[PDB]
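Enquirer:
In PDB author numbering, the protein residues as written are 6 to 42, 54 to 141.
#1: Would you kindly report the start and end of the unbroken alpha helix (DSSP H) that includes residue 104?
#2: In whole angstroms, what separates the C-alpha of residue 90 from that of residue 57?
#3: Express the C-alpha separation of residue 126 and residue 61 in angstroms, rounding to a whole number.
#4: Mind checking residue 55: buried by the 16 CB within 10 Å criterion, or exposed?
#5: Look up residue 71 in the DSSP assignment and say whether it is helix, strand or coil.
#6: Is DSSP giving residue 31 helix, strand or coil here?
#7: My guess is that residue 21 and residue 78 are in contact by the Cβ rule of under 8 Å, so how many angstroms apart are they, rounded?
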């Protein structure tokens, strides 16, 4: 049972990294299960999604919540749409290996990735 928490964008950093205001504090977040080999495109895509959002949500998974560099490991939602999956579906990123038990949406993203590859979209072109 994963819970979505409200957050506020502070600065877009790149395809799978953004800075947010979470629980009265700024924190860098690394989008779970998404690897970025189109770097500028992914960055642009994510940047557009969060900056144009009227609601940003942070959803931690069931495993470790922060990586070695202190970045929050989570699923980020823009207006209810998961950025992690959108990137993958748009073929602007691949599904990463599960990390410390954070695999709740792994299957979901794998299908997005399969369809993207089936459409030979961007990184799959």
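In this text, a Cβ means the ideal position worked out from N, Cα and C, and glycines have one as well.
Expert: According to the structure data:
#1: Element bounds for residue 104: 99-105.
#2: When rounded, the separation of the alpha-carbon atoms in residue 90 and residue 57 is 21 Å.
#3: Taken atom to atom, the span from the alpha-carbon of residue 61 to that of residue 126 is near 19 Å.
#4: Exposed is the call here.
#5: It is coil, neither helix nor strand.
#6: Note: residue 31 maps to strand in three-state DSSP.
#7: That pair is no contact at about 20 Å.
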